[PDB]
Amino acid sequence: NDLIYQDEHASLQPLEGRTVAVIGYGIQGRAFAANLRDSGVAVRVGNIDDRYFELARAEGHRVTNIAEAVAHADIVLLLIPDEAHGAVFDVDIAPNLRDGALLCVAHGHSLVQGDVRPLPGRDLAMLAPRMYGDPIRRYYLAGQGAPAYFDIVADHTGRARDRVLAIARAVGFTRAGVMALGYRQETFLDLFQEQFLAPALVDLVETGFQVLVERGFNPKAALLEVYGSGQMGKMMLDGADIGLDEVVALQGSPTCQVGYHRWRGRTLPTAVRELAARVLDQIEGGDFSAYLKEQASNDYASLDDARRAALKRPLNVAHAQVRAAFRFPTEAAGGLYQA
């Protein structure tokens, strides 16, 4: 049965007098470091020589190379790209991790692949948020949080669980709920969302756009309806609260509800479920992991080509025209991660 920890099941007491080293200052690192500091936890940043080092300095952190950050830490959070874990673990972290220190990863992939391993005399855990950095930070400032999964991999001290959950409470995840989930299951589940569901959702939106344009509809209007208006995003985000079918029952005109229920459960051929299973097979059997290791070559050169090509697609050419023509509601983001 599920172990789910909220604020009533965790406290900041395990962090009293302890220093947390945030290794990395990217999407997750910057949010962890800002929320730890604002929760009254002693925090320092370990980072390589790049723009993120200078950003952490600009945002008032104590910033050093990774080895020095680890040497001064009771708890180490490894918040860099998963393919970089092995080399940073072997050279910078393992030689410097204090006796009884806790190392946490935010994704199980390096644990599954054996690139991060238990060390005699130390604790090892996963604390894997189910959300990206900007919302984790916005939620934090509003007294809210995003869910996370956790796993205690090695517990020399016997205190790893309460220390991991104290980090979770300091960063805000216990405000939603932190659920026990094995690091191997987290790895495969996370990769499936990234490789099947996210591309399929965008491909579906793009298909709607392409069919409307082919059938003679105004391209700006087509782009707005399939996502650009924010209606489809709002339906999916409100759906997280109340349920997706319930959003239609509450917010749809009767015309909309009759239309939706004419095709609900009937839109997809078997090829979609079949492809989902094929993607999960690639994830569970190591095919994706071998692909990722290849792709990390030349600092992800192939991904650079894919990112640049995607911007040239009709959907993204139309996006730029629609976004220049219609003002989208935005909140100022400058200084979001300052104290």
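Each residue number is its position in the shown sequence, starting from 1.
In this crystal structure, the stretch out of 259 to 267 and 123 to 131 whose C-alpha atoms carry the higher mean B factor is 259 to 267. Set 93 to 101 against 242 to 250 and average the Cα temperature factors; 93 to 101 ends up higher. As recorded in the entry, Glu83 carries the highest CA temperature factor of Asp203, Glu83, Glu225, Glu186.
Remark: of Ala69, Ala33, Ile27, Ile283, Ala69 shows the highest value [criterion: C-alpha B-factor in the PDB entry]. In the PDB entry, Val45 places in the lowest third of its chain by CA B-factor. Among all modelled residues in this chain, the alpha-carbon of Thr330 has a temperature factor (C-alpha) in the highest third. When all modelled residues of the chain are sorted by CA temperature factor, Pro147 is found within the lowest third. In this PDB entry, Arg138 carries a Cα temperature factor that places it within the middle third of its chain's modelled residues. Placement of the Cα temperature factor of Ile23 within the chain: lowest third of the modelled residues, per the deposited record.
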